[PDB]
file upload_5.pdb (PDB, C-alpha atoms)
ATOM      1  CA  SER A   1      13.998  95.605 156.711  1.00  0.00           C
ATOM      2  CA  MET A   2      10.464  94.073 156.340  1.00  0.00           C
ATOM      3  CA  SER A   3       8.474  95.995 153.686  1.00  0.00           C
ATOM      4  CA  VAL A   4      11.401  98.591 153.464  1.00  0.00           C
ATOM      5  CA  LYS A   5      13.614  98.296 150.428  1.00  0.00           C
ATOM      6  CA  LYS A   6      16.353 100.319 148.721  1.00  0.00           C
ATOM      7  CA  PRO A   7      15.545 101.070 145.059  1.00  0.00           C
ATOM      8  CA  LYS A   8      15.995  98.003 142.675  1.00  0.00           C
ATOM      9  CA  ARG A   9      19.469  98.100 140.874  1.00  0.00           C
ATOM     10  CA  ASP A  10      19.020  96.554 137.385  1.00  0.00           C
ATOM     11  CA  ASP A  11      20.948  93.228 137.447  1.00  0.00           C
ATOM     12  CA  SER A  12      19.279  91.774 134.265  1.00  0.00           C
ATOM     13  CA  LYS A  13      22.460  92.268 132.174  1.00  0.00           C
ATOM     14  CA  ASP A  14      24.950  91.017 134.800  1.00  0.00           C
ATOM     15  CA  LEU A  15      25.191  87.457 133.284  1.00  0.00           C
ATOM     16  CA  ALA A  16      25.985  88.800 129.828  1.00  0.00           C
ATOM     17  CA  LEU A  17      28.394  91.345 131.068  1.00  0.00           C
ATOM     18  CA  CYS A  18      30.323  88.822 133.355  1.00  0.00           C
ATOM     19  CA  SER A  19      30.531  86.541 130.225  1.00  0.00           C
ATOM     20  CA  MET A  20      32.089  89.368 128.213  1.00  0.00           C
ATOM     21  CA  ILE A  21      34.627  90.147 130.888  1.00  0.00           C
ATOM     22  CA  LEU A  22      35.528  86.439 131.177  1.00  0.00           C
ATOM     23  CA  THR A  23      35.936  86.304 127.314  1.00  0.00           C
ATOM     24  CA  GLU A  24      38.391  89.204 127.487  1.00  0.00           C
ATOM     25  CA  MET A  25      40.338  87.462 130.310  1.00  0.00           C
ATOM     26  CA  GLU A  26      40.332  84.170 128.267  1.00  0.00           C
ATOM     27  CA  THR A  27      41.856  85.908 125.209  1.00  0.00           C
ATOM     28  CA  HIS A  28      44.543  87.943 127.052  1.00  0.00           C
ATOM     29  CA  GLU A  29      48.021  86.812 126.070  1.00  0.00           C
ATOM     30  CA  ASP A  30      49.003  86.264 129.729  1.00  0.00           C
ATOM     31  CA  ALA A  31      45.968  84.039 130.462  1.00  0.00           C
ATOM     32  CA  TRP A  32      47.903  80.766 129.680  1.00  0.00           C
ATOM     33  CA  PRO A  33      48.635  79.793 133.355  1.00  0.00           C
ATOM     34  CA  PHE A  34      44.905  80.165 134.204  1.00  0.00           C
ATOM     35  CA  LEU A  35      43.001  78.609 131.269  1.00  0.00           C
ATOM     36  CA  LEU A  36      42.768  75.064 132.725  1.00  0.00           C
ATOM     37  CA  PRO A  37      42.845  73.534 136.150  1.00  0.00           C
ATOM     38  CA  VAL A  38      46.359  72.924 137.607  1.00  0.00           C
ATOM     39  CA  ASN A  39      47.157  69.177 137.162  1.00  0.00           C
ATOM     40  CA  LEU A  40      47.140  67.939 140.786  1.00  0.00           C
ATOM     41  CA  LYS A  41      48.902  64.661 139.825  1.00  0.00           C
ATOM     42  CA  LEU A  42      51.784  66.443 138.101  1.00  0.00           C
ATOM     43  CA  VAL A  43      52.396  69.541 140.279  1.00  0.00           C
ATOM     44  CA  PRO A  44      53.922  68.602 143.608  1.00  0.00           C
ATOM     45  CA  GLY A  45      52.556  70.545 146.534  1.00  0.00           C
ATOM     46  CA  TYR A  46      49.502  72.059 144.775  1.00  0.00           C
ATOM     47  CA  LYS A  47      46.879  69.736 146.161  1.00  0.00           C
ATOM     48  CA  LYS A  48      47.888  70.202 149.784  1.00  0.00           C
ATOM     49  CA  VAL A  49      48.688  73.841 149.742  1.00  0.00           C
ATOM     50  CA  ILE A  50      45.868  75.311 147.563  1.00  0.00           C
ATOM     51  CA  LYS A  51      42.706  74.503 149.344  1.00  0.00           C
ATOM     52  CA  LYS A  52      40.327  75.848 146.684  1.00  0.00           C
ATOM     53  CA  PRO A  53      41.764  75.510 143.116  1.00  0.00           C
ATOM     54  CA  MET A  54      40.099  77.773 140.509  1.00  0.00           C
ATOM     55  CA  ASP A  55      40.745  78.488 136.824  1.00  0.00           C
ATOM     56  CA  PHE A  56      39.019  80.265 133.884  1.00  0.00           C
ATOM     57  CA  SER A  57      37.550  77.078 132.399  1.00  0.00           C
ATOM     58  CA  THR A  58      35.904  76.140 135.718  1.00  0.00           C
ATOM     59  CA  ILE A  59      34.517  79.686 136.063  1.00  0.00           C
ATOM     60  CA  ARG A  60      33.198  79.484 132.498  1.00  0.00           C
ATOM     61  CA  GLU A  61      31.386  76.200 133.254  1.00  0.00           C
ATOM     62  CA  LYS A  62      29.959  77.576 136.552  1.00  0.00           C
ATOM     63  CA  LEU A  63      28.783  80.759 134.696  1.00  0.00           C
ATOM     64  CA  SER A  64      27.164  78.813 131.840  1.00  0.00           C
ATOM     65  CA  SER A  65      25.242  76.483 134.221  1.00  0.00           C
ATOM     66  CA  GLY A  66      23.773  79.019 136.707  1.00  0.00           C
ATOM     67  CA  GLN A  67      26.110  78.304 139.556  1.00  0.00           C
ATOM     68  CA  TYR A  68      26.772  82.003 140.339  1.00  0.00           C
ATOM     69  CA  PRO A  69      23.907  83.465 142.357  1.00  0.00           C
ATOM     70  CA  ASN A  70      25.050  87.017 141.763  1.00  0.00           C
ATOM     71  CA  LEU A  71      27.903  89.080 140.171  1.00  0.00           C
ATOM     72  CA  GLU A  72      29.868  89.205 143.507  1.00  0.00           C
ATOM     73  CA  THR A  73      30.214  85.407 143.754  1.00  0.00           C
ATOM     74  CA  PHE A  74      31.600  85.565 140.161  1.00  0.00           C
ATOM     75  CA  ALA A  75      34.236  88.234 141.174  1.00  0.00           C
ATOM     76  CA  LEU A  76      35.223  86.085 144.218  1.00  0.00           C
ATOM     77  CA  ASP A  77      36.143  83.124 141.954  1.00  0.00           C
ATOM     78  CA  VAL A  78      38.096  85.347 139.526  1.00  0.00           C
ATOM     79  CA  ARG A  79      40.048  86.838 142.475  1.00  0.00           C
ATOM     80  CA  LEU A  80      40.596  83.310 143.864  1.00  0.00           C
ATOM     81  CA  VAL A  81      42.446  82.442 140.662  1.00  0.00           C
ATOM     82  CA  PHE A  82      44.921  85.284 141.342  1.00  0.00           C
ATOM     83  CA  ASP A  83      45.179  84.711 145.095  1.00  0.00           C
ATOM     84  CA  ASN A  84      46.041  81.082 144.456  1.00  0.00           C
ATOM     85  CA  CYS A  85      48.645  82.133 141.900  1.00  0.00           C
ATOM     86  CA  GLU A  86      50.318  84.528 144.412  1.00  0.00           C
ATOM     87  CA  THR A  87      50.255  81.790 147.092  1.00  0.00           C
ATOM     88  CA  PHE A  88      52.200  79.325 144.865  1.00  0.00           C
ATOM     89  CA  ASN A  89      54.395  81.395 142.525  1.00  0.00           C
ATOM     90  CA  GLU A  90      57.201  83.821 143.192  1.00  0.00           C
ATOM     91  CA  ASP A  91      56.417  87.474 142.136  1.00  0.00           C
ATOM     92  CA  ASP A  92      59.583  87.334 139.922  1.00  0.00           C
ATOM     93  CA  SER A  93      58.469  84.382 137.702  1.00  0.00           C
ATOM     94  CA  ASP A  94      56.636  84.369 134.409  1.00  0.00           C
ATOM     95  CA  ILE A  95      53.520  82.916 136.091  1.00  0.00           C
ATOM     96  CA  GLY A  96      53.782  85.280 139.105  1.00  0.00           C
ATOM     97  CA  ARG A  97      53.946  88.314 136.790  1.00  0.00           C
ATOM     98  CA  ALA A  98      51.124  86.926 134.619  1.00  0.00           C
ATOM     99  CA  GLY A  99      48.907  86.765 137.734  1.00  0.00           C
ATOM    100  CA  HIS A 100      49.558  90.340 138.723  1.00  0.00           C
ATOM    101  CA  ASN A 101      48.932  91.590 135.166  1.00  0.00           C
ATOM    102  CA  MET A 102      45.647  89.662 134.908  1.00  0.00           C
ATOM    103  CA  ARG A 103      44.371  90.833 138.255  1.00  0.00           C
ATOM    104  CA  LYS A 104      44.988  94.460 137.196  1.00  0.00           C
ATOM    105  CA  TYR A 105      43.255  93.844 133.881  1.00  0.00           C
ATOM    106  CA  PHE A 106      40.255  92.256 135.611  1.00  0.00           C
ATOM    107  CA  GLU A 107      39.841  94.919 138.308  1.00  0.00           C
ATOM    108  CA  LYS A 108      39.738  97.729 135.712  1.00  0.00           C
ATOM    109  CA  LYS A 109      37.125  95.933 133.611  1.00  0.00           C
ATOM    110  CA  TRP A 110      35.136  95.246 136.762  1.00  0.00           C
ATOM    111  CA  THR A 111      35.137  98.923 137.943  1.00  0.00           C
ATOM    112  CA  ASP A 112      34.392 100.271 134.450  1.00  0.00           C
ATOM    113  CA  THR A 113      31.535  97.864 133.852  1.00  0.00           C
ATOM    114  CA  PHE A 114      29.819  97.910 137.292  1.00  0.00           C
ATOM    115  CA  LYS A 115      31.026 100.896 139.528  1.00  0.00           C
TER     116      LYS A 115
END
call {"tool": "encode", "arguments": {"input": "upload_5.pdb", "output": "structure tokens"}}
result
Amino acid sequence: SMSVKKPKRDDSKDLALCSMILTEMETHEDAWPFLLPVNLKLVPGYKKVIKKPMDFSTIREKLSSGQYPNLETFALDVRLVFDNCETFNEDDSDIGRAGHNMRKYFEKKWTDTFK
């Protein structure tokens, strides 16, 4: 509360460390469905159904330009990528499986780096 603060957690490396995680996600062999924004002209249904499209390139641009106020808003966009994928793709598809694998990969890196 006013003039009463928990001890200051060192967040000075968070930007660098989120960048490294995002690099590792970018270079994963199953990243290919997630590298670029879904083409809303060429994928019937996507625009209407997926209210907040997100992809790795868009996260990378947001990260590089100071549009994440803290490491949690960064994790929310990463998870959004996989939530969108599960909304649109059957579990038993190449893209559906890719999304599950990537989410697992991300959540381990996240825990090991920050928890």
call {"tool": "closest_residue", "arguments": {"input": "upload_5.pdb", "among": "A:83, A:112, A:72, A:92", "to": "residue 53 in chain A", "atoms": "only C-alpha atoms"}}
result
A:83
call {"tool": "atom_distance", "arguments": {"input": "upload_5.pdb", "atom1": "CA of residue 43 in chain A", "atom2": "CA of residue 94 in chain A"}}
result
16.5 Å
call {"tool": "atom_distance", "arguments": {"input": "upload_5.pdb", "atom1": "CA of residue 49 in chain A", "atom2": "CA of residue 96 in chain A"}}
result
16.4 Å
call {"tool": "resolve_selection", "arguments": {"input": "upload_5.pdb", "expression": "the PyMOL selection byres ((chain A and resi 56) around 8)", "output": "PyMOL selection string"}}
result
chain A and resi 22+26+34-36+54-55+57-60+78+81
call {"tool": "residues_around", "arguments": {"input": "upload_5.pdb", "residues": "residue 105 in chain A", "least_positions_apart": "6", "cutoff": "10 Å", "atoms": "only C-alpha atoms", "output": "ChimeraX atom specification"}}
result
/A:21,24-25,28,99
call {"tool": "build_atoms", "arguments": {"input": "upload_5.pdb", "residues": "range 9-31 of chain A", "atoms": "N, CA and C atoms", "output": "PDB file, in the frame of the given file"}}
result
ATOM      1  N   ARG A   9      18.351  98.258 141.881  1.00  0.00           N
ATOM      2  CA  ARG A   9      19.469  98.100 140.874  1.00  0.00           C
ATOM      3  C   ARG A   9      19.206  97.013 139.785  1.00  0.00           C
ATOM      4  N   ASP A  10      19.343  97.420 138.519  1.00  0.00           N
ATOM      5  CA  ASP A  10      19.020  96.554 137.385  1.00  0.00           C
ATOM      6  C   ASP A  10      20.206  95.581 137.217  1.00  0.00           C
ATOM      7  N   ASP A  11      19.949  94.325 137.541  1.00  0.00           N
ATOM      8  CA  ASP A  11      20.948  93.228 137.447  1.00  0.00           C
ATOM      9  C   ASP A  11      20.687  92.308 136.235  1.00  0.00           C
ATOM     10  N   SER A  12      19.744  92.677 135.346  1.00  0.00           N
ATOM     11  CA  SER A  12      19.279  91.774 134.265  1.00  0.00           C
ATOM     12  C   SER A  12      20.338  91.484 133.142  1.00  0.00           C
ATOM     13  N   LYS A  13      21.297  92.378 133.038  1.00  0.00           N
ATOM     14  CA  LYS A  13      22.460  92.268 132.174  1.00  0.00           C
ATOM     15  C   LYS A  13      23.781  91.735 132.810  1.00  0.00           C
ATOM     16  N   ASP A  14      23.718  91.430 134.074  1.00  0.00           N
ATOM     17  CA  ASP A  14      24.950  91.017 134.800  1.00  0.00           C
ATOM     18  C   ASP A  14      25.557  89.741 134.187  1.00  0.00           C
ATOM     19  N   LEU A  15      24.718  88.750 133.869  1.00  0.00           N
ATOM     20  CA  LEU A  15      25.191  87.457 133.284  1.00  0.00           C
ATOM     21  C   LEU A  15      25.948  87.671 131.975  1.00  0.00           C
ATOM     22  N   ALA A  16      25.358  88.432 131.073  1.00  0.00           N
ATOM     23  CA  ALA A  16      25.985  88.800 129.828  1.00  0.00           C
ATOM     24  C   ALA A  16      27.249  89.577 129.989  1.00  0.00           C
ATOM     25  N   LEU A  17      27.233  90.544 130.885  1.00  0.00           N
ATOM     26  CA  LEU A  17      28.394  91.345 131.068  1.00  0.00           C
ATOM     27  C   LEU A  17      29.570  90.535 131.757  1.00  0.00           C
ATOM     28  N   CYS A  18      29.239  89.717 132.762  1.00  0.00           N
ATOM     29  CA  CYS A  18      30.323  88.822 133.355  1.00  0.00           C
ATOM     30  C   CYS A  18      30.940  87.896 132.259  1.00  0.00           C
ATOM     31  N   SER A  19      30.070  87.364 131.370  1.00  0.00           N
ATOM     32  CA  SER A  19      30.531  86.541 130.225  1.00  0.00           C
ATOM     33  C   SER A  19      31.496  87.306 129.309  1.00  0.00           C
ATOM     34  N   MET A  20      31.213  88.574 129.030  1.00  0.00           N
ATOM     35  CA  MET A  20      32.089  89.368 128.213  1.00  0.00           C
ATOM     36  C   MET A  20      33.419  89.640 128.867  1.00  0.00           C
ATOM     37  N   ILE A  21      33.389  89.981 130.140  1.00  0.00           N
ATOM     38  CA  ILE A  21      34.627  90.147 130.888  1.00  0.00           C
ATOM     39  C   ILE A  21      35.486  88.847 130.849  1.00  0.00           C
ATOM     40  N   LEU A  22      34.853  87.733 131.086  1.00  0.00           N
ATOM     41  CA  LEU A  22      35.528  86.439 131.177  1.00  0.00           C
ATOM     42  C   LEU A  22      36.119  86.129 129.803  1.00  0.00           C
ATOM     43  N   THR A  23      35.390  86.466 128.686  1.00  0.00           N
ATOM     44  CA  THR A  23      35.936  86.304 127.314  1.00  0.00           C
ATOM     45  C   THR A  23      37.218  87.106 127.109  1.00  0.00           C
ATOM     46  N   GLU A  24      37.270  88.323 127.619  1.00  0.00           N
ATOM     47  CA  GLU A  24      38.391  89.204 127.487  1.00  0.00           C
ATOM     48  C   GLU A  24      39.589  88.665 128.324  1.00  0.00           C
ATOM     49  N   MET A  25      39.290  88.132 129.495  1.00  0.00           N
ATOM     50  CA  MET A  25      40.338  87.462 130.310  1.00  0.00           C
ATOM     51  C   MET A  25      40.870  86.184 129.578  1.00  0.00           C
ATOM     52  N   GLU A  26      39.968  85.358 129.042  1.00  0.00           N
ATOM     53  CA  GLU A  26      40.332  84.170 128.267  1.00  0.00           C
ATOM     54  C   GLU A  26      41.281  84.434 127.062  1.00  0.00           C
ATOM     55  N   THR A  27      41.137  85.580 126.413  1.00  0.00           N
ATOM     56  CA  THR A  27      41.856  85.908 125.209  1.00  0.00           C
ATOM     57  C   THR A  27      43.079  86.777 125.472  1.00  0.00           C
ATOM     58  N   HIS A  28      43.325  87.216 126.699  1.00  0.00           N
ATOM     59  CA  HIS A  28      44.543  87.943 127.052  1.00  0.00           C
ATOM     60  C   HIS A  28      45.765  87.040 126.852  1.00  0.00           C
ATOM     61  N   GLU A  29      46.823  87.616 126.304  1.00  0.00           N
ATOM     62  CA  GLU A  29      48.021  86.812 126.070  1.00  0.00           C
ATOM     63  C   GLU A  29      48.683  86.190 127.311  1.00  0.00           C
ATOM     64  N   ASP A  30      48.469  86.749 128.494  1.00  0.00           N
ATOM     65  CA  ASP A  30      49.003  86.264 129.729  1.00  0.00           C
ATOM     66  C   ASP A  30      48.009  85.318 130.511  1.00  0.00           C
ATOM     67  N   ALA A  31      46.969  84.900 129.851  1.00  0.00           N
ATOM     68  CA  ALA A  31      45.968  84.039 130.462  1.00  0.00           C
ATOM     69  C   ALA A  31      46.468  82.580 130.599  1.00  0.00           C
TER      70      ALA A  31
END
